[PDB]
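Residue-level structure breakdown
Chain by chain, the residues:
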Amino acid sequence: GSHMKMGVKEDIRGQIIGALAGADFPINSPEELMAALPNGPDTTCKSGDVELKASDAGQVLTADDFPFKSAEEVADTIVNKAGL
């Protein structure tokens, strides 16, 4: 449970939440939610050196993950599995 955390956990996740905004339902699986991303070809919320996004991190999310509990849960979920 204990973790130092750099700080951007919320910062990148911030980019993820907005990055998710626009998709079909509030996060139609990485396919769609990632499709919504403002950048188009899956935006990367990288900072300083660390990189996080639906493509790089979302990989952890399986098919059943489709009906995600809104972008809010996706942001916290992805960062957790991805590292943050």
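As stated in the entry header, the method of structure determination is solution NMR.

Naming follows the PDB entry, where the protein appears as conserved hypothetical protein MTH865 of Methanothermobacter thermautotrophicus str. Delta H.

1. Some words on the overall build of the protein
A count of helices and strands for the protein gives three helices and zero strands. N-terminal to C-terminal, the α/β element order of the protein is α-α-α. Each of the three principal axes of the protein carries a C-alpha extent, and together these read 35 × 25 × 20 Å. Residues counted as buried form 37% of the 84 residues belonging to the protein. Within the protein, contacts between residues at least 6 apart in sequence are counted, and of these 54% link residues at least 24 apart. A total of about 4,900 Å² of accessible surface is found on the protein, and carbon and sulfur atoms cover 49% of it.

Thresholds, definitions, all that
Residues numbered from 1 in each chain as written, not as in the entry; some residues may be left out. Heavy atoms only, no water. Helix = DSSP H or I, 4+ residues; strand = E, 2+ residues; numbered from the N terminus. Buried < 20%, exposed > 50% of the residue type's maximum accessible area, 1.4 Å probe, protein only. Contact = heavy atoms within 4.5 Å. Areas by Shrake-Rupley, 256 points an atom, 1.4 Å probe, with all protein chains shown as cover.

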